[PDB]
Amino acid sequence: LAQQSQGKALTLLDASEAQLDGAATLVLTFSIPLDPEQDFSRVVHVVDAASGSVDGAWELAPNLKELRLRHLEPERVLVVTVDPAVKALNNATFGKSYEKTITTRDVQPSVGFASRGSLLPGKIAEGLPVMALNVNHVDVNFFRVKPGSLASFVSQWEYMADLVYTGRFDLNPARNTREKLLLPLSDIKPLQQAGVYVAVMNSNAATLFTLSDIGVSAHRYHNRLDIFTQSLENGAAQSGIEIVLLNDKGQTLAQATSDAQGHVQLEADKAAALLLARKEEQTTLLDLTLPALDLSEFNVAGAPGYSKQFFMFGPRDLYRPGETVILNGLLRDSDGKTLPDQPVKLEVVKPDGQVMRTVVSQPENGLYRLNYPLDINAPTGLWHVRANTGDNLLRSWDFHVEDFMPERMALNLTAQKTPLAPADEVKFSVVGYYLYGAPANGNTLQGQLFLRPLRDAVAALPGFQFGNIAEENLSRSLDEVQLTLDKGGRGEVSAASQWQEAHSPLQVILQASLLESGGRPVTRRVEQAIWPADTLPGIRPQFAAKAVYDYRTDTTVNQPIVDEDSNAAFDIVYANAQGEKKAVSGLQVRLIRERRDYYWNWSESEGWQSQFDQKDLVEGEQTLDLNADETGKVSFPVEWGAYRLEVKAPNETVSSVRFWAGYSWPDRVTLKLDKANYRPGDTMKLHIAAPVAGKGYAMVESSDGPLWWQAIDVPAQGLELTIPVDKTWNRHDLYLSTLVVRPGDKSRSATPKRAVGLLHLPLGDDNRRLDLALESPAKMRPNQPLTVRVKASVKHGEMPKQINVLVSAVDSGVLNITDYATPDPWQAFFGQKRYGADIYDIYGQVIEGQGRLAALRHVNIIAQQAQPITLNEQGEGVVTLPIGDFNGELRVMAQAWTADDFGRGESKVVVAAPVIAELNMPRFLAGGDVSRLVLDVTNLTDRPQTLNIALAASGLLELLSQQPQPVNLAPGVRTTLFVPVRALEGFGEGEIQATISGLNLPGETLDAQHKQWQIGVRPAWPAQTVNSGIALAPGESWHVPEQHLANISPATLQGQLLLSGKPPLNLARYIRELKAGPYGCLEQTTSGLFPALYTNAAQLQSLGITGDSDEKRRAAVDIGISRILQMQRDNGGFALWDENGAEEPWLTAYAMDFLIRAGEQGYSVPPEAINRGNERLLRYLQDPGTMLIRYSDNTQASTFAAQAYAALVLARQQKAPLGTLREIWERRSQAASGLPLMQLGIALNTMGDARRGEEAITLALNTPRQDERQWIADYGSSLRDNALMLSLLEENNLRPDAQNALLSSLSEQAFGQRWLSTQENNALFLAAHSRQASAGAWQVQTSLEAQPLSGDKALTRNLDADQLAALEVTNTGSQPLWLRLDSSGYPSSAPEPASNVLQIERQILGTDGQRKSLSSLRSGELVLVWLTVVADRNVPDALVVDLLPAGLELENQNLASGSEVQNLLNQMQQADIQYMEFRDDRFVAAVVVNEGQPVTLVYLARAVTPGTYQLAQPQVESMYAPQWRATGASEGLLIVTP
């Protein structure tokens, strides 16, 4: 607003100092608002008449009339100046200059202790810190707590004393400056004597401090507490009393007196706050609620040490919505040994925390297995698999769900294949293009160049590594790439050589991204090899890389390792890029030992750090000569540590390979061990070294509690102990702790009094790892089974036997997205577990340390996992992995296990195709659409190719052009073929098969190349239906009305004829109509799911319905249940479209009802959902105020309906409070229909009170549904309500003579046909389902077959176009016959636009805001679709559907240049849109329509594929009064040009 201020001048109301924020603030108050803009500096000034200028941070309150300046130093003379300006929001300005002098107050006095006090004891314990300000003295009283009520007193503190006053300390700080001062008491002694003291003044007026000699240390576990009491003074070792307390609370939990070694053991969980240790009169206290000692510095990291170790693993952790999540599990004990068979409770958790599935997982041959099919509309984010083994210590396996977008453009980057000399500059060639056949013109290419070492430089020689691994400046970032490229799809990047001195093979990597103009980039990368010589040496170790743990990454990595004190063999060659081994003489082969000497080093910006100085030593040297076609084989004797083999040739080129001979690759207590890796029965000698001599104790412990401990006196020479290993110690969470304490309480030297030591206890075994060898070809071809051979080894002893191996294969990219490391069970079971105890101490706190270190360096995915195999006698196996299409790198993984041993194996397999063929096409097609498909074919071989391409069209799709001519492609060249196609009438899918013949390859010959692409084909126009029926007396005839045939095309015309000897119900129609989406909302799913619950295929085929092998039906119901669960809110309630949408009680009751019904039929539903749902229903019943029904006209009726249905649903579960049901029954007059009364009646009958129930029923049967189609939020109609009432009657076996009558009347009432809601269909289905019509003879003569039709049950039969076009029926029975005919088909002519209540209109605008013709559109052109909906009523369930032409694709964007398009957008964001979705072929929008308020819906679309496309009419309807429909005038066709 701010125009109320116009007409007013600008006068300064008040400039003065005021208390704000708690400090002195200069405040200027003007008469009218100021600009919040940034100009207060050279317009309004404050200058000290002594110190000059000061802080000019002019602040402005959100109130625009007050200008502020905070924090003013007191007793200062400030001159405030306001010069003629300060602007005035009505540009009224300020007249002239104004100056005012100010004195800036004096701050209020203040005294108080700097802290509430601590519990750290002291011999004399001096120094009481206080924060004083403008106070020259302070009185202090000193109290000593009574030993009697000590506990309680201290207990009321943190979460009653004598008086020993001395007082009045003289504190003289500088004026107006808060100073920190120390109160002394050393010269005082009615105070030195031991005890607990409290100092109090006349804002932290009180503080506590303790004087004692008892030093106390404590180790806490998850439910055990060990205490050690020793001397603060004379070294260590002390007896005495100590007790455990309860926070705030007073009491005593547990008491103890320490032994001759000071150790004590008390069992206590949490809620054990205060620890009190006392003796005679000396008392030391320890608060166990405070933060424990920080051990981030120590190597105590790792997984938790559980009693039962459950290793969960899978092929990957990145899935998309739709595909199935695979999970595997293995269960062992603390030492990785087999436990008795047991179930594990697995739960699937989606990002919001709600459970999606709960399964009691049973093992199969010792392997737990889980498959979770993600819904196509599953939420994206971090999912968890939550495992419970029984200890209620939930294990968690995380996995990501992400949906990837198609990238709309194609980028090609090519290089020169063969290596280059260092002198040469590198030229990359770029080729970018749109997939719909257009070259990328004017597109910005943005990339970057990198330089990296090339160690795998010879494909003909796998394993052989090249280049000096110790050569500097081989990995650095080069130039950035900015290429505006503006040409018809061609470009080039050039990189000048900054590499010359290089003696190792390099590769330069270009990584570039192609751009639209500012979005969805297409990123690609290409590398160029670079050699310093046409020929150079290569090294391949003969020994296989072993599996070892890497804490750096926390992953089990493969490394070249050989045994200690042994011989390392290597294969040396001297070769070029292409071909094989060449001759040479005088290869300088050196074995270089890399020696590293470590040393600690301290700074303060990062504290203590572990440094190391390195040096390379020559420990071996050989000289070699090689002939043509010869693999040199050298052997060097090695000992321990890190080595590297170096090979140097006369051409100054070097190749090096690093490896290890050992599997091992100051302010604290230094702990060292004689050995690495121990066994059960060994004995370990512990070397303890402390900076300063002292006393304390060493301990061997873990989780639960300690296993060994011994008090020690450490001199300044170090101290060696001998610890025996008993093996109840097999937990891998064993830690060796050490506490040392200095004698003197006070000291020179500074010197920490307390010092701690903590080391992990090695206990693993080398011969419990399965060493896996996965053999498979480095390269292969698509659509050919991948053979993988497994060979296991175990170092010492013999191959275990019955080794279980699980092999998998996954696209390396998907794994690279998440940096997914191959799971290893060995590390999972035998890995270093964390230190599972908390150290509480009374000596000086650990200060910081500042932390542990760290490390530093599509559409349709291939991810397979074969069945678990069992290796043979010698531990050999073979697995076959069917590889589909795919062109790239596959990671082959393997997890092996026995009863005691475990293993992991990896391998890499490059899947490449000689020629690649990709077909670009639209997302779907409509019957009659003519479209131009784009087939891109590229030859990747080294030879030129003459290819014969053969194309075939299958399904609802046909070709229009003749077969392509043979094509001649040079190596690396891409050709483009255009395939004009037309879609056929029908609803299904069309397919394009491609076959490439020729290809000519040496070595292989290779079967022809086969490919096949899918596309969805749907009718352009909505399906039209015609329903009729009649009652035939004996002898009467009947012919098909011409309505069923009029203006609809044959071959799409299906019919269903229903014949019955009694008032029938079109069950088949209900079922068919209940099964056609959209996937959309909650009910449609529910209602659509209801039939699949109670009807099997046997019952379906009787009604003329095929499909469903019953198990797919089960799967479908499961999928449905998931889709239902995906919309349950956090409070157990349900919503219409999404989980974050408004809550609908009735639908909650509905979904719950279905879920219970599903549970009854043996389907799995997670108890959390059921329970929270039931709770929400109970809260609906007991607290109606929580409800919020939207867009209702009669909240009373809505509420009553909700409560009624909820009451029934809970009554079925025997969880409905009868008192509440009656309390609802008293409100029966609020019912706007009989259905809620019926439901409530059944609930009453179920929960006891039959009378009032039968009353409710009898009342229901005489309570018609009447209302001016408001909404009521019950999703209802008279038909529906009658149907459901009949259903409830039939389901409970109640009133016959009524159900018969109005079953007939319902059968005749069902003639409110044409359009029924899903709810009406479901109700009718239930009514028809639960009815037992019994016997009713009928005979009839028809035109379908010579013999007469006959039966005693209602018979349904399917009819094609010919049978239906000439249907005659004549009753030949002794009694009347009921006949129903249901016809359905698609129109031969475009139907006339129609409207009822609702009105829909569509206009097509350009981005300029002007109308556009849908016939001059070129590919890549943008258009705004403008939908206008209007009605004369309130339609809270207005579903808008706009079928797309296949030529147009949607831009997924919810809208809330410029122009008055914004005027439409503004009106769009005024509409209350309940839901909106952008399908491939549909624009769908669920909205509410208000009376006399036009709803505007604009959406963006792009033309992509050239062709002629059918165009449908915009459709809108009420979802639950579907007679309110509107279709609104279409132009008929869409033309897209290239």
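Per the PDB record, this model was obtained through X-ray crystallography at a reported resolution of 2.9000 Å.

1. Overview of the layout of surface pockets
Quantified by volume, the second largest pocket comes out at close to 950 Å³. Considering the residues around the second largest pocket, the lining is formed by 33 residues, among which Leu120, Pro121, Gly122, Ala125 and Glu126 are closest to the centre. The set of elements that each furnish at least two residues to the lining of the second largest pocket consists of strand 8 (128–132) and strand 13 (206–211). Residue contributions to the lining of the second largest pocket peak at 4 residues, all from strand 13. Class assignment of the residues belonging to the lining of the second largest pocket gives a composition of 15 nonpolar, 10 polar and 8 charged.

2. Some thoughts on the pairing of strand 64 (residues 930–939)
Summarising burial for strand 64: 9 of the 10 residues are buried, a large majority. The pairing of strand 64 with strand 87 (residues 1507–1510) spans 2 bridges and is antiparallel. Counted as the bridge partner of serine 931 is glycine 1507 from strand 87. Where strand 64 meets strand 68 (residues 974–983), 9 bridges bridge the pair, whose relative direction is antiparallel. Of the residues in strand 68, the one forming a bridge with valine 930 is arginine 982.

3. Digging into the sheet that holds strand 26 (residues 368–373)
Taken in spatial order, the 3 strands of this open sheet run 21-23-26, and their pairing is antiparallel. For this open sheet the edge positions go to strand 21 (309–313) and strand 26, each flanked by a neighbour on one side alone. Pairs of neighbouring strands in the sheet enclose a mean axial angle of 20 degrees, with direction left out of account. Note that strand 23 (residues 324–332) and strand 26 share 6 bridges and pair antiparallel. Directly across from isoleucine 326, in strand 26, lies its bridge partner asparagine 371.

4. Focus: the pattern of salt bridges
Within this structure, the stated rule accounts for 71 salt bridges. Between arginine 590 and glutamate 621 there is a salt bridge whose closest N-O contact spans 3.5 Å. Taken together, the residues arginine 590 in strand 40 (residues 584–602) and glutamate 621 in strand 41 (residues 608–626) connect sequence positions 31 residues apart. Here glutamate 621 falls in the partly exposed class, since its relative accessible area comes to 48%. If you follow the salt bridges from partner to partner, you end up with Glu594, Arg596, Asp616, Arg644 and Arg658 in one network.

5. Comments concerning the nonpolar core
Core analysis: the largest hydrophobic core is formed by 118 residues, its most contacted members being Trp383 and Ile1121. A per-element tally of this core places helix 10 (residues 1195–1212) first, with 11 residues. Beyond its immediate sequence surroundings of up to four residues, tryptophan 383 is in contact with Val348, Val349, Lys350, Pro351, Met356, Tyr372, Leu374, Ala378, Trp397, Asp398, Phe399 and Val401.

6. A closer look at the sheet that holds strand 6 (residues 77–82)
Strand order in the open sheet made by the 3 strands is 3-6-7, with antiparallel pairing throughout. Of all the strands in the sheet, just strand 3 (44–48) and strand 7 (98–103) have a single pairing partner and so form its edges. Within this sheet the neighbouring strands show an average axis-to-axis angle of 20 degrees, counted without direction. Both strand 3 and strand 6 contribute to a ladder of 5 bridges, which runs antiparallel. Bridge pairing links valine 46 to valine 80 in strand 6.

Definitions and cut-offs
Residues numbered from 1 in each chain as written, not as in the entry; some residues may be left out. Heavy atoms only, no water. 1 Å grid on protein atoms, 1.4 Å probe; cavity = no way out; pocket = protein on both sides within 12 Å on 5 of 7 lines; lining within 4 Å. Points joined across faces, edges and corners; volume = space filled by probe spheres on them. Helix = DSSP H or I, 4+ residues; strand = E, 2+ residues; numbered from the N terminus. Nonpolar A, V, L, I, M, F, W, Y, C, P; charged D, E, K, R; others polar. Buried < 20%, exposed > 50% of the residue type's maximum accessible area, 1.4 Å probe, protein only. Pairing = 2+ DSSP bridges. Axes fitted to C-alpha atoms, helices over the stretch in contact; angles between N-to-C directions. Salt bridge = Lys/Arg side-chain N within 4 Å of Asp/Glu carboxyl O. Core = buried A, V, L, I, M, F, W, Y, C linked by side-chain atoms within 4.5 Å. Contact = heavy atoms within 4.5 Å.

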